[PDB]
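Just so you know, structure 1 and structure 2 below are the same protein chain in two forms, each on its own as C-alpha cells.
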Structure 1
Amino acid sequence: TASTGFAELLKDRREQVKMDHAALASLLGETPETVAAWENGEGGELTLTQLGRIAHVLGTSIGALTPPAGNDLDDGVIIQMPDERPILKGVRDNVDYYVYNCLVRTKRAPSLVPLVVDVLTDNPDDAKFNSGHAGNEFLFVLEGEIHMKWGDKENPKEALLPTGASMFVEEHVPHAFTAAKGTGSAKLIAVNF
C-alpha cells in the first residue's frame, strides 16, 4: 500500500540522514506529530507537490520514498487468456495504422509490454514512423510479409520480412511497419522489455 510503503521508507531515509521527527518537521514547516503520523501510515492524503518537498529536504526522490510496483503473480506466474486482451487502435495521421492486442503484463517487470500487432496498411510509401522509444523491442512476424523501416525517416534502411522472421530494434531507434506492398495486412508479435 502507498501509505505503508511510504511510512516505512520515510522512516528509513530520515534515519539514514540522521534526522529525528523534530529535525525533519522543522525543515518542512510541520510539527513533529505530523511527521510521526506519516511514518505511521497516515500520509495517504499527501499531495504530489508535498511529496515533492519531503523528497527534496531529504535530498532524494519521491521514488526512493514510495514502495515498488507490488506483486501480482500466482506462485511465480501470471496468465492471460486470448479473450481478455485489451484492444487499442493506434492512429497515425488520421489513418488506422495499427491495432494493439495487449498480452500479459506484470508489476514484477513493468518494462515488459508484449503485443500482437495488426499491421493494417500495405503501402510502404505511406509508412509512418514513431520517434523511437525507451527500451529494446523483440519482434516476430506472425503472418504475411512485413515491410520494415528504421533509422532516419527521410532516408531509412529497409527490409522485407517473411512470416517467421525475427528482429530486434534497439531503444531510441525509430521504426515503422506496413504489410508487404499490396498484400493487404500482416501480423507481428512485438515484445518491449
Structure 2
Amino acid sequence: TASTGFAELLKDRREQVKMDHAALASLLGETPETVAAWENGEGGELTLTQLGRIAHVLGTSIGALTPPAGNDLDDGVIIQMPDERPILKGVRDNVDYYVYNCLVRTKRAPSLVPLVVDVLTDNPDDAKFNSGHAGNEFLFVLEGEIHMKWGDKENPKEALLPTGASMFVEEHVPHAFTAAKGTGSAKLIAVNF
C-alpha cells in the first residue's frame, strides 16, 4: 500500500518531467530494470536515504512521492470511547504535574490533536514555557481555575482563566500554565489544530 502508492507516484512524476526508465535509472545510478520494478510495486525495501536521492533527481520531496496519510473514518466519522483513551503523565522527580488524556484523532486531519489536561500543580512558578506549536490551539477550562502564561518566557503576560473560559493561542506563540495559586488542581481541554 505504501509500496503501491510509491509505484503510482513514482511513475507519474517520472512521466511529468519526461524521463524514460533509462534516464531516471542512469541519473540515479540504477538499472532501468530496477526503476521498472519500483514502479511495479516493488519499492517496499528502499531506504529513507535512497528515497531521499530518488526525490532529488526528480526535483521534489519524498512527500510528493509517497501516498497521503490514509482514511480511518467510518462514513465520515470516528468515535473514541473514554475507556480507550491513551494516557501520558508529565512527571517531575517522580511526581505527577500533568496528565494528558488523548481524545479522538484521525488520519483524515492529522493536525487535530485534542487533549484533556489534568493540571496537578497549583504553583505558577512550576510553569515551564514550551517554545510554541507549529499549529493554532483552542483551549477550554473544564474545572478549577487556570493560571495561563504566554509570550516571552522571561517577561510574560498572565491570565487567570476561571472555569468556562475559552482561549485561542496562535501558532508559534509560546505558552505554559498551572492551576490558579493554592487551588490544588484544574482541568482544561486543549485542541491543537
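Here, a residue number simply tells you its place in the sequence of structure 1, counted from 1. For the two forms, the rigid core is made up of the largest set of C-alpha atoms that agree within 1.5 Å on superposition.
Chemist: Out of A109, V95, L103, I78, I need the residue that shifts by 2 angstroms or more at the Cα between structures 1 and 2, core superposed.
Modeler: With the rigid core superposed, the residue that stands out is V95.
Chemist: Please report, in Å, how much the Cα atom of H133 moves between structures 1 and 2 when the rigid core is superposed.
Modeler: Its C-alpha moves by 1.6 Å once the cores are overlaid.
Chemist: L65: how far does its C-alpha move between structures 1 and 2, core aligned, in angstrom?
Modeler: It moves 0.1 Å at the C-alpha.
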